[PDB]
Amino acid sequence: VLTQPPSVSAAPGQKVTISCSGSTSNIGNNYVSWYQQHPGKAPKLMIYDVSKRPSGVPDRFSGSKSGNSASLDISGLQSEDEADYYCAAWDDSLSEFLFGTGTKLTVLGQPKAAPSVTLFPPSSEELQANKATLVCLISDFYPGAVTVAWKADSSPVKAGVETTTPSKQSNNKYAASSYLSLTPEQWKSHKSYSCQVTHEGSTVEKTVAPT
Amino acid sequence: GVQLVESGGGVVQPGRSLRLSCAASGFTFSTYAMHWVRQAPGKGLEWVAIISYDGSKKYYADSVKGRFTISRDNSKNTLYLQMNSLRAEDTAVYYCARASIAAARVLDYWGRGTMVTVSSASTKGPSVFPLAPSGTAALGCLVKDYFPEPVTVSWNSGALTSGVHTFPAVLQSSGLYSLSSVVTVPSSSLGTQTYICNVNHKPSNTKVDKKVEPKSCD
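Residues numbered from 1 in each chain as written, not as in the entry; some residues may be left out. Chains lettered and ligands numbered in written order. Heavy atoms only, no water.

For this entry, the PDB record names X-ray crystallography as the structure determination method and reports a resolution of 3.77 Å.

Set out below in structure tokens:
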């Protein structure tokens, strides 16, 4: 539980705000904290006990709590800022700490762009190799953040999926790949398979079938 | 200043155990609640367990509750995590963190974790396949199921590398790394230009040359 959006983005000096929502079992009663994890270094306590900063954190990094959801506001964004965040809290019912779905705050350096999906169907060979590997090619998007998940026909499922993380490319944009490995027969039966690349509110569901 | 440096991780065939190790050096460890957090590649952070300053009570997340064990040893300011029955999903990076003094719900200082890798494999090679092409279409090669990480690619031995990008692999469940490469060309130049991928996997001492063709099928 505890959903933050996968995204946010804004200009080299403007404001922005990431949300956090869970339930009365958590956030609603228990104190919330927020962490900033740049690409490869470790995380850094940004805000704690709802609105508190460790002398070491600017005043622009603020944070409130309304009901069963907390929000981390930020103003005057700086390249510095651009990193991933996480809103965490303690859940009284599961007796164990909880982390957030995470959010990537990208500070606009170049014009947005939509992801270029390109779903490849199983290769004739591999199929023979008693295996079914579906490739969903994703590319050329500025805010390097998207969401991937598949759907065998009507219904969706994750049983057998593995998606990479974005990664900058020559042309300055990000680009990542998903994978839906199957059993050649699972490939046969279900009359339809689609790849869903949600991104910036607007999604894109590319489908392809056996024939 | 504070200092926490994890240690003791790497590669381990599923099941048998392995113990991680964190060492504080920047305060009075003997009086600080300790935390274990891990992060798989890509997936966010997942909380694991917590132990008091004297190692009496501790809370684990069902996500392990019993598969793991978090003991500490204040005499040598070292924090531990015992991992028995290493399920594959457990592959990730292990962050060691110190919770505040009067706010155990606050991890103030973490350290660059240490990488865990639950994979029962030993050197293998590539399993190249053709991503039949179809403004102007794109096509590629689908390398799959290799164990030793390093693996490079090229198309036609270096003829205009533009319009190409080879993604990062991915540790599938079978603890096998797979990755693909892709190219873009004039959909008008189908059946006139020969496109093939110059694959390469040293750990397997292999080169591969799959020559992709247009899908006159279905």
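## Describing the overall build of chain A
Selection rule: Going along the chain from the N terminus, every DSSP run of H or I of four or more residues is numbered as a helix, and every run of E of two or more is numbered as a strand. In this scheme, a residue with accessible area under 20% of its type's maximum is buried, one over 50% is exposed, and one in between is partly exposed, where area comes from a 1.4 Å probe on protein chains only. Residue contacts follow a heavy-atom distance rule, with two residues in contact if any of their heavy atoms lie within 4.5 Å. The charge count includes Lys and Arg as positive and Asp and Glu as negative, but it does not include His or the ends of the chains. Charged side chains are reduced to one point each, which is NZ for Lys, CZ for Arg, CG for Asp and CD for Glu.
Broken down by element type, chain A carries two helices and 16 strands. Here the C-alpha coordinates of chain A stretch approximately 60 × 45 × 30 Å along the principal axes. Across the 211 residues of chain A, 46% fall into the buried class. By sequence separation, contacts in chain A at least 24 residues apart represent 59% of the contacts at least 6 residues apart. Charge separation in chain A, taken as the distance between the mean sites of 17 positive and 18 negative side-chain charges, equals 5 Å.

## Notes on the state of the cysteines
Residues and elements named next belong to chain A. For clarity, the threshold we go by: Disulfide assignment relies on a single distance test, namely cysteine sulfur atoms paired within 2.5 Å.
Considering all chains together, one arrives at four disulfides over all chains under this definition. With a sulfur-sulfur separation of 2.0 Å, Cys 136 is cross-linked through a disulfide to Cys 195. Classification of the bridge connecting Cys 136 and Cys 195 rests on its S-S torsion, roughly -85°, and on that basis the disulfide is left-handed. Residue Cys 136 is located in strand β11 (residues 132-137), and its partner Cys 195 is located in strand β15 (residues 193-198); the two are separated by 59 residues in the primary sequence.

## Comments concerning the nonpolar core
What counts is decided by this rule: Take the buried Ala, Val, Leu, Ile, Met, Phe, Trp, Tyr and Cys residues and link them wherever side-chain atoms come within 4.5 Å; each set so joined is a nonpolar core.
By size, the foremost hydrophobic cluster in this structure holds 25 residues, and its most contacted members are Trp 36, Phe 68, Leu 79, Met 83 and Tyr 94 of chain B. Setting aside residues up to four positions removed in sequence, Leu 79 of chain B forms contacts with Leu 20, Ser 21, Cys 22, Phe 29, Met 34, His 35, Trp 36, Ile 51, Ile 70, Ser 71, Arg 72 and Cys 96 of chain B. By size, the runner-up hydrophobic cluster in this structure holds 24 residues, among which are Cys 20, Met 46, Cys 87 and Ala 89 of chain A.

## Some remarks on the domain arrangement of chain B
Residues and elements named next belong to chain B. For clarity, the threshold we go by: What counts as a domain boundary in this text is fixed by an automatic or database domain assignment. The term buried area means the drop in 1.4 Å probe accessible area that two parts suffer when joined, counted for both and summed. In the sections that follow, a salt bridge refers to a side-chain nitrogen of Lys or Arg positioned within 4 Å of a carboxyl oxygen of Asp or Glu. In protein, a polar contact requires one atom able to donate a hydrogen and another able to accept it; more generally it is a pair of N or O atoms within 3.5 Å, and residues adjacent in sequence count only if both atoms are side-chain atoms. Ten residue types, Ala, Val, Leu, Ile, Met, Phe, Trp, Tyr, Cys and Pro, are classed as nonpolar, four, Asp, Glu, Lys and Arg, as charged, and the remainder, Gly among them, as polar.
Each domain of chain B was delimited in the assignment, giving domain 1 (1-120) and domain 2 (121-215). Once you take the C-alpha centre of each, domain 1 and domain 2 turn out to be 38 Å apart. Across the contact, six residues belong to domain 1 and eight residues belong to domain 2. Looking only at domain 1, the three residues that lose the most surface to domain 2 are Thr 117, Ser 119 and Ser 120, adding up to 62% of its buried area. The tally of links from domain 1 across to domain 2 stands at zero salt bridges. Linking domain 1 with domain 2 are two residue pairs in polar contact, by the criterion used here. When its residues are assigned to classes, the side of domain 1 that touches domain 2 shows two nonpolar, four polar and no charged.

## Some points on the sheet that holds strand β12 (residues 138-146) of chain B
All names here are of chain B. Selection criterion: Two strands are said to pair when DSSP picks up at least two bridges between them.
Across the sheet, four strands lie side by side as β11-β12-β14-β13; this open sheet has antiparallel pairing. Where the open sheet ends on each side, the last strands, each with one partner, are β11 (130-131) and β13 (164-166). Two strands pair when backbone bridges link them, and β13 and strand β14 (residues 177-184) are joined in this way by three bridges, in the antiparallel orientation. The residue bridging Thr 166 from the neighbouring strand is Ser 181, located in β14.

## Comments concerning the side chain of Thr 103 of chain A
Residues and elements named next belong to chain A. Looking at the element boundaries, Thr 103 is found in strand β9 (residues 103-107). Among the residues examined, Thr 103 registers a relative accessible area of 2% and is labelled buried. Polar contacts involving the side chain of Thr 103 include one to the side chain of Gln 4, which spans 2.7 Å. Among the polar contacts listed, one links the side chain of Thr 103 to the backbone oxygen of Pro 5, at a separation of 2.7 Å. Ignoring any residue separated from it by four or fewer positions in sequence, one finds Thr 103 in contact with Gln 4, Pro 5, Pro 6, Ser 7, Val 8, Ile 18, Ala 83, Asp 84 and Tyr 85.

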